[PDB]
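Everything below belongs to protein04.cif, which stores mmCIF, C-alpha atoms.
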```cif
data_structure
loop_
_atom_site.group_PDB
_atom_site.id
_atom_site.type_symbol
_atom_site.label_atom_id
_atom_site.label_comp_id
_atom_site.auth_asym_id
_atom_site.auth_seq_id
_atom_site.Cartn_x
_atom_site.Cartn_y
_atom_site.Cartn_z
ATOM 1 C CA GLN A 1 2.437 10.100 25.088
ATOM 2 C CA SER A 2 -1.312 10.358 25.483
ATOM 3 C CA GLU A 3 -1.219 12.579 22.401
ATOM 4 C CA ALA A 4 1.133 10.305 20.466
ATOM 5 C CA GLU A 5 -1.332 7.516 21.237
ATOM 6 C CA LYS A 6 -4.673 8.988 20.193
ATOM 7 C CA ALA A 7 -3.187 9.373 16.727
ATOM 8 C CA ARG A 8 -1.406 6.020 16.863
ATOM 9 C CA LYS A 9 -4.795 4.392 17.289
ATOM 10 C CA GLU A 10 -5.686 5.939 13.945
ATOM 11 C CA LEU A 11 -2.530 4.623 12.292
ATOM 12 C CA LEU A 12 -3.453 1.204 13.670
ATOM 13 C CA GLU A 13 -7.018 0.999 12.414
ATOM 14 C CA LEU A 14 -5.912 2.035 8.929
ATOM 15 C CA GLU A 15 -3.343 -0.764 8.952
ATOM 16 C CA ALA A 16 -6.245 -3.090 9.710
ATOM 17 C CA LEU A 17 -8.051 -2.103 6.532
ATOM 18 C CA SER A 18 -4.803 -2.395 4.588
ATOM 19 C CA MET A 19 -3.921 -5.803 6.015
ATOM 20 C CA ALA A 20 -7.388 -7.003 5.087
ATOM 21 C CA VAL A 21 -6.535 -6.236 1.456
ATOM 22 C CA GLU A 22 -3.149 -7.970 1.402
ATOM 23 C CA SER A 23 -4.728 -11.131 2.824
ATOM 24 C CA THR A 24 -8.163 -11.415 1.240
ATOM 25 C CA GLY A 25 -6.664 -10.443 -2.101
ATOM 26 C CA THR A 26 -3.870 -12.993 -1.912
ATOM 27 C CA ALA A 27 -6.140 -15.869 -0.914
ATOM 28 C CA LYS A 28 -8.805 -14.843 -3.426
ATOM 29 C CA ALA A 29 -6.181 -14.947 -6.167
ATOM 30 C CA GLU A 30 -4.621 -18.342 -5.463
ATOM 31 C CA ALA A 31 -8.021 -19.985 -5.071
ATOM 32 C CA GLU A 32 -9.696 -18.588 -8.184
ATOM 33 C CA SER A 33 -6.722 -19.762 -10.226
ATOM 34 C CA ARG A 34 -7.201 -23.340 -9.049
ATOM 35 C CA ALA A 35 -10.928 -23.157 -9.742
ATOM 36 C CA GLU A 36 -10.350 -22.096 -13.340
ATOM 37 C CA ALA A 37 -7.759 -24.750 -14.159
ATOM 38 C CA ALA A 38 -10.052 -27.407 -12.703
ATOM 39 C CA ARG A 39 -12.930 -26.160 -14.835
ATOM 40 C CA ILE A 40 -10.880 -26.548 -18.016
ATOM 41 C CA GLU A 41 -9.946 -30.074 -16.956
ATOM 42 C CA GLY A 42 -13.594 -30.725 -16.141
ATOM 43 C CA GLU A 43 -15.027 -29.571 -19.451
ATOM 44 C CA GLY A 44 -12.312 -31.431 -21.325
ATOM 45 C CA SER A 45 -12.923 -34.648 -19.405
ATOM 46 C CA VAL A 46 -16.512 -34.696 -20.647
ATOM 47 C CA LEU A 47 -15.292 -34.485 -24.237
ATOM 48 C CA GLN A 48 -12.324 -36.788 -23.632
ATOM 49 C CA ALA A 49 -14.705 -39.349 -22.136
ATOM 50 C CA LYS A 50 -16.969 -38.924 -25.151
ATOM 51 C CA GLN B 1 2.364 7.430 8.570
ATOM 52 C CA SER B 2 -1.409 7.644 8.541
ATOM 53 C CA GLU B 3 -1.016 9.482 5.238
ATOM 54 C CA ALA B 4 1.552 7.049 3.847
ATOM 55 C CA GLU B 5 -0.949 4.315 4.692
ATOM 56 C CA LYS B 6 -4.178 5.572 3.137
ATOM 57 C CA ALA B 7 -2.339 5.574 -0.177
ATOM 58 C CA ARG B 8 -0.545 2.304 0.548
ATOM 59 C CA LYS B 9 -3.942 0.659 0.815
ATOM 60 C CA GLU B 10 -4.492 1.773 -2.766
ATOM 61 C CA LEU B 11 -1.165 0.345 -3.912
ATOM 62 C CA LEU B 12 -2.190 -2.906 -2.231
ATOM 63 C CA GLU B 13 -5.599 -3.345 -3.814
ATOM 64 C CA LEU B 14 -4.143 -2.707 -7.267
ATOM 65 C CA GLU B 15 -1.560 -5.422 -6.638
ATOM 66 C CA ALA B 16 -4.500 -7.709 -5.908
ATOM 67 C CA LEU B 17 -5.972 -7.152 -9.352
ATOM 68 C CA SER B 18 -2.533 -7.597 -10.899
ATOM 69 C CA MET B 19 -1.769 -10.788 -8.986
ATOM 70 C CA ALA B 20 -5.106 -12.172 -10.114
ATOM 71 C CA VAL B 21 -3.882 -11.825 -13.704
ATOM 72 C CA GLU B 22 -0.491 -13.473 -13.197
ATOM 73 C CA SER B 23 -2.176 -16.478 -11.572
ATOM 74 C CA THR B 24 -5.421 -17.031 -13.457
ATOM 75 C CA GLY B 25 -3.589 -16.430 -16.719
ATOM 76 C CA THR B 26 -0.802 -18.872 -15.933
ATOM 77 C CA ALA B 27 -3.132 -21.662 -14.833
ATOM 78 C CA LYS B 28 -5.528 -21.007 -17.713
ATOM 79 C CA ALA B 29 -2.629 -21.375 -20.136
ATOM 80 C CA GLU B 30 -1.115 -24.624 -18.867
ATOM 81 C CA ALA B 31 -4.518 -26.289 -18.632
ATOM 82 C CA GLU B 32 -5.871 -25.315 -22.048
ATOM 83 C CA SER B 33 -2.685 -26.653 -23.614
ATOM 84 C CA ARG B 34 -3.245 -30.075 -22.067
ATOM 85 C CA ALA B 35 -6.881 -30.065 -23.159
ATOM 86 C CA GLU B 36 -5.938 -29.428 -26.780
ATOM 87 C CA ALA B 37 -3.246 -32.100 -26.998
ATOM 88 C CA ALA B 38 -5.650 -34.617 -25.475
ATOM 89 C CA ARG B 39 -8.301 -33.703 -28.029
ATOM 90 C CA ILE B 40 -5.922 -34.420 -30.910
ATOM 91 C CA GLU B 41 -5.066 -37.771 -29.339
ATOM 92 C CA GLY B 42 -8.773 -38.406 -28.833
ATOM 93 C CA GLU B 43 -9.861 -37.691 -32.389
ATOM 94 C CA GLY B 44 -6.943 -39.696 -33.732
ATOM 95 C CA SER B 45 -7.717 -42.674 -31.510
ATOM 96 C CA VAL B 46 -11.154 -42.956 -33.100
ATOM 97 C CA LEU B 47 -9.565 -43.146 -36.544
ATOM 98 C CA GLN B 48 -6.652 -45.290 -35.360
ATOM 99 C CA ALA B 49 -9.148 -47.709 -33.818
ATOM 100 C CA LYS B 50 -11.086 -47.702 -37.081
#
```
Structure translated into C-alpha cells:
Amino acid sequence: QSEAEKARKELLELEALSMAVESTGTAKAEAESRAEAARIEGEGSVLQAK
Amino acid sequence: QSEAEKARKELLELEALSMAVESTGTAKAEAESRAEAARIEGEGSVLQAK
C-alpha cells in the first residue's frame, strides 16, 4: 500500500491540473458571454440615444 | 488511470473552446437581434415625429 500510494499521488496531482481546466474554462465561458452581450447593448444604446 | 487522465485533460480543454462557442454565439445572436429591431424603430420614430 506504500507502493499503491506513491503512484496514487501522481494520479491525484494530474486530476488537479484537469480540474483546473473544467473550472476555469467553465467560468471563463459564462462570463465572456455576458460581457459580449452587454457590449452590443452598450454600443446600441449610444446610437439609440442619438 | 494516470494514463486515462493525461488524455482526459485534453478532452476537457477542447470542451472549453467548444463551450465558449455555444455561449458567446448564443448571446451574440439574441443581442444583435434586439439592436437591429430597435434601430428600425429609432429611424422610423424620427420620420414619424416629422
Leaving out residue A:47 and any residue of its chain fewer than 6 positions from it, which residues lie within 10 Å of it when counting all atoms listed in the file, given as a PyMOL selection string? chain B and resi 35+38-39+42
Distance table requested - stretch 7-50 of chain B against stretch 27-32 of chain A, cut-off 10 Å, only C-alpha atoms: one row per qualifying residue with the closest atom pair and its distance in Å to one decimal, ordered by chain and rising residue number, as a tab-separated table.
```
residue	atom	partner	partner_atom	distance
B:16	CA	A:29	CA	7.4
B:17	CA	A:29	CA	8.4
B:18	CA	A:29	CA	9.5
B:19	CA	A:29	CA	6.7
B:20	CA	A:29	CA	4.9
B:21	CA	A:29	CA	8.5
B:22	CA	A:29	CA	9.2
B:23	CA	A:30	CA	6.8
B:24	CA	A:32	CA	7.0
B:27	CA	A:32	CA	9.8
```
One decimal, Å: what's the distance from atom CA of residue A:14 over to atom CA of residue B:9, could you say?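 Between atom CA of residue A:14 and atom CA of residue B:9 the gap is 8.5 Å.
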Could you check how far atom CA of residue B:11 sits from atom CA of residue A:3, in Å to one decimal?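 For atom CA of residue B:11 relative to atom CA of residue A:3, the distance reads 29.0 Å.
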One decimal, Å: what's the distance from atom CA of residue B:43 over to atom CA of residue A:36, could you say?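 Separating atom CA of residue B:43 from atom CA of residue A:36 is a distance of 24.6 Å.
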